[PDB]
Amino acid sequence: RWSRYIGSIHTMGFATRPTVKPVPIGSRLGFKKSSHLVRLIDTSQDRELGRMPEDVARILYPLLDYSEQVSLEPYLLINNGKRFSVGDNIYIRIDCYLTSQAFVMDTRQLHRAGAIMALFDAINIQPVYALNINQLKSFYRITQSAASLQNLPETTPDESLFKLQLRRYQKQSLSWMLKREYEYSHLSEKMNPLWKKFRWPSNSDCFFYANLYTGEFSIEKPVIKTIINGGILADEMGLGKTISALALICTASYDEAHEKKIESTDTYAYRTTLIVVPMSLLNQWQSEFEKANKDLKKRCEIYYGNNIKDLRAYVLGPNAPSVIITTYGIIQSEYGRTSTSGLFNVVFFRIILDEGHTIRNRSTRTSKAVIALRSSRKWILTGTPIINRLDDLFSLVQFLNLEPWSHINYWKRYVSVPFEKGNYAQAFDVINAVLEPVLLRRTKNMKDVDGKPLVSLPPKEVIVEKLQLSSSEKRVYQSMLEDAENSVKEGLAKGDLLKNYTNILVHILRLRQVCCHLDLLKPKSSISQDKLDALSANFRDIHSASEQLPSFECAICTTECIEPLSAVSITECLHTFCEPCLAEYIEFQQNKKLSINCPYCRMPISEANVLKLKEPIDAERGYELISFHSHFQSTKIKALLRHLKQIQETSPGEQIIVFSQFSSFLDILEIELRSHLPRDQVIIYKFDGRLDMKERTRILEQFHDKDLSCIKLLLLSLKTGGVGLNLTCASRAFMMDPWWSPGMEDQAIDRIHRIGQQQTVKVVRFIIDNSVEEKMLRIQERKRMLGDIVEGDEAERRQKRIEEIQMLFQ
Ligand SMILES: [Zn+2]
Ligand SMILES: [Zn+2]
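Numbers given for residues start from 1 on each chain and follow the written sequence, which can depart from the numbering in the entry; residues without coordinates are excluded. Each chain gets a letter, beginning with A, and each ligand a number, beginning with 1, in the order they are written. Just so you know, side-chain values use all the structure's heavy atoms and leave hydrogens and water out.

Per the deposited record, the coordinates in this entry were obtained by X-ray crystallography to a resolution of 3.600 Å.

(A) Expanded view of the UniProt feature "binding site: ATP" in the chain. Residues annotated in UniProt with the feature "binding site: ATP" correspond here to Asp235, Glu236, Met237, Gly238, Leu239, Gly240, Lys241 and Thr242. In the annotated set above, the residues contributing to the lining of the largest cavity are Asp235 and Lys241. Within the secondary structure layout, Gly238 lies in the loop between β10 (230-235) and α5 (241-251). Throughout, exposure labels follow a simple rule: accessible area from a 1.4 Å probe, protein chains only, divided by the maximum for the residue type, with under 20% read as buried, over 50% as exposed, and the rest as partly exposed. For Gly238, a relative accessible area of 44% translates into the label partly exposed. If you trace the backbone, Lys241 turns up in helix α5. Relative accessible area serves as the criterion here: at 29%, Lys241 is assigned to the partly exposed category. Discounting chain neighbours no more than four positions away, the residues touching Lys241 are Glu355 and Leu381. UniProt positions are given in the numbering used here, feature names are shortened, and annotations may be inferred rather than shown by experiment. We place a 1 Å grid over just the protein atoms. Points where a 1.4 Å probe fits but has no way out form a cavity, open points with protein on both sides within 12 Å along at least 5 of 7 lines form a pocket, and any residue with an atom within 4 Å of a point lines it. Strands here are runs of E lasting at least two residues and helices are runs of H or I lasting at least four, both read from the DSSP assignment and numbered beginning at the N terminus. Residue contacts are defined here by distance: any two heavy atoms, one from each residue, within 4.5 Å place the two residues in contact.

(B) Inspection of empty space enclosed by the protein at higher detail. Grid points are joined across faces, edges and corners, and a volume is the space filled by probe spheres set on the points. Counted as a void, the largest cavity has a volume near 50 Å³. Together, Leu233, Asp235, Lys241, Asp354, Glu355, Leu381, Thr382 and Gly383 line the largest cavity. Grouping the constituent residues of the lining of the largest cavity by class yields two nonpolar, two polar and four charged. As a volume, the second largest cavity reaches approximately 40 Å³. Around the second largest cavity, the lining residues are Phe139, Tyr140, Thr143, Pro385, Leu393, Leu435, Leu439 and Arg441. When residues of the lining of the second largest cavity are traced back to their parent elements, those giving at least two are α3 (133-143) and β16 (439-442). In terms of residues, the lining of the second largest cavity owes the most to one element, α3, which gives three residues. Residues are grouped as follows: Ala, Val, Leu, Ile, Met, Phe, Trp, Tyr, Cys and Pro are nonpolar; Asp, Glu, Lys and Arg are charged; every other residue, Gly included, is polar. Taken together, the residues that form the lining of the second largest cavity break down as six nonpolar, one polar and one charged.

Listed below in structure tokens is the structure:
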């Protein structure tokens, strides 16, 4: 037991009891505990004296609970000589002491730190020295503004296990990841801002250290910090985000400190690294591993669809794999049904969360599932740790289990509340203090030591993606090609090919339209994917699981149980029928031209809106409603959706432009894209052109509006280009069709990129293989050699036309 003075507080007190006897000057008064009311009591008379004001009772009342910790010794000050009448002022000099019981249930611990922190403020002792896009960029401007992060050592793995060449920055991130996991064996060679340093008074060592966030005190300077294996690797996409992480697993693939521990002589998978990855990147991580791993001894395997029967025994067995990749939807699925096969009865050696910002909503089952995973070392690969809210970082901290910020009460007290009340400058300093030793963020805009940017960003990158038509599209393209080949034989047999020059371009145009979509020549459903998910949810809620088997009544034949389940025909209004019974009704109602109504509720059920169950039934999700009649999508629209369904998880907030010369094609695109994509994650904008000037600028207004919770699409005509339209905010473009002149397509692409931007424009050109579109590219390559400009209007003009007509069929 020791004691030491720390400070004094002067305060007037209102008298409570009318003491008549004179009160000594240096009276050793005391504080008794019981809007708040604290009591004054003379130590020798054992009688109450007065009450303290509200602004002082709030400081003293919670400090009395920690008498062993903080002792308050009040002394009397002024001796007017008169008895304390009802209301006379009592002048006190409160002396404060910090006992060794303070020096070295979250609400119990926070109430103590808050009470002591309030005392230090009154003592006045100081140490020795939803989000908007504008508020979010101010956050990055600090958390990415580390003090010269360009001097991190470059660690190189031996090229017997890693067959890729790491960049300058990729070699640095590998060394930092090895340092975060305390893997010194693969490194050459080679405080706590939250803990501040106070000073001792000298009126009644010369320093002492304290952390007023947790209320902890220490004699010496405690440098103990960061008892965490791993961290968060934030980076702009393309800084070797995934490639660097694979370099870590190939460098250290198992717990080396544990193999010797068990060989010296269980639910520890001391050799397996779990990589939770979105399904859109499920096979890419498998591919990126094989493309990078050279050591055949360590193998990776995808865990999807319950392919591995017993995962618990397999991952701690004699030949467990070094990497296991699985979907968040697998973690979320097995977490709900209490699946005890694996993933929750083993402590994996390492866990890596690619695009880990998908657990930002801590209240969803997917987030609760990821935090429930046990591992020795944890990692978070995320290009955007914050999406739309500040507490999105909390789940990233709660996953890493960073004490005491993993506790929600510490976060809401020191981060959420000070931010939500305008004092954002402090909450940013608390966040930046706990994530500084854990997170490492770099930028393609950052410059190196030599004087070059980390990544040379070209203005654009155009890529031609060749597609092959469907089985039905080739027959239409062939039928239109046969008639196109005949109109050439007609004019050529008449002595002059150009006698059908207008008639041939019509057949060529119809060939161009077939490649885009077949509906551009002259039973389509009217239910989007968002509605099918809503109808499936309503359907599973109606026919809920119980003791007995599922039964489905037919509203026509009154059959209590329809068999088989594939013969179940479900209307737009979620009413069950026998598939033959419903078809007989529609055929009878169509042969007499009577409008179709539901035989159960008499509602306008459209024939294309008839639904059926998915065959087979996923036991983890239940019944799924798909269109009874099969829907068709053009090969290019099928390819575009395949790109967009990946950029959705590849990069949030990305604005994309879709080009097409056919105005009707853009109309079909909007209908198909909005139908097959979720509305809360993909926003589609179209440029009709005929709309008023204010609405067209209002569309571009909402399009430029950056939003990391969705991706935005702009469907404008290639014909008009983007003349007078600001398109700088776009990072990706899609050329759904080529044109005769290359200048019109190049000009539209060049209206996107502006020098001084942090992202290159990625362009993809969908060209149907061995089609007229592939021929039109060779025409553009001719116009890039000499131009649309031509000499001669007599013979040279006619001769030039003969070449292009032939090139389309060569
Ligand atoms: Zn029936
Ligand atoms: Zn009905």
